[PDB]
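In this analysis, Cβ positions are derived from the backbone assuming ideal geometry, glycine residues included, and neighbour counts consider all displayed protein chains. Throughout, read-outs are computed from the coordinates displayed, never taken from laboratory work.
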Amino acid sequence: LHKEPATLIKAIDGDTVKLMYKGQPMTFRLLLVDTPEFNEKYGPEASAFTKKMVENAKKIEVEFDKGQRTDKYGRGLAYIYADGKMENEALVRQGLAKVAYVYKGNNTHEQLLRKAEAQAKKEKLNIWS
Ligand SMILES: Cc1cn([C@H]2C[C@H](OP(=O)(O)O)[C@@H](COP(=O)(O)O)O2)c(=O)[nH]c1=O
Ligand SMILES: [Ca+2]
């Protein structure tokens, strides 16, 4: 997989973000995770977390997996890095997301995320509390 540039357009919620990619605005959905919706429990915390992460970053990158790059809503499907740190993994590690939506052929970082989920769960963090 390879990291590609993008710039923040705007934070949306825990697992979506509006970024500029190849010079075009796109809503991105974070691969392999599910944050609560803003209205659900930990929804606000997930949203705040991703927002702080992207807004504080000097360098945002997107990394597409092997399979489909856009979902049925036209959202880009990627791993998103903030100053080299993977937001998808960070959310799971903090118990602010679950590993979810693992579809064959877009699952490169599946095991990395499940390991983070196991740690979050051990620590009874947030959603696991
Ligand atoms: C993460 C991801 C979501 N989706 C679609 C599946 C779900 O369909 P449905 O909308 O029909 O439930 C939806 C969940 O996204 P959200 O968790 O953002 O709602 O997004 C994909 O198709 N591929 C993916 O990789
Ligand atoms: Ca969600």
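What to note about this one:
- C-alpha long axis of helix 43-56 to longest principal axis of the chain, angle in °: 50 degrees
- Placed amide H near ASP15: partners under 5 Å, 5+ positions off or other chain: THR35
- Cα-based convex hull, the stretch 11-58, per residue volume (Å³, whole number): 72 Å³
- The mean of 1/r over all pairs of different alpha-carbon atoms in the chain, once inverted, gives a Kirkwood hydrodynamic radius of 14.4 Å.
- In nm, spacing of pseudo-spin labels at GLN68 and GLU55 (7 Å Cα→C-beta vector): 3.2 nm
- Between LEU125 and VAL102, the C-beta separation translates, for a Förster distance of 22 Å, into a calculated FRET efficiency of about 0.60.
- FRET efficiency, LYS22 to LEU1 (Cβ-Cβ, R0 25 Å, nearest 0.05): 0.90
- Residue-averaged 222 nm ellipticity for the chain, from DSSP H runs of 4+ at -39500 (n - 2.57), nearest 500: -8000 deg cm²/dmol
- Among the listed pairs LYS66/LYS104; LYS3/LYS58; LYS85/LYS122; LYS3/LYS59, those beyond 19 Å (Cα-Cα): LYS85/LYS122
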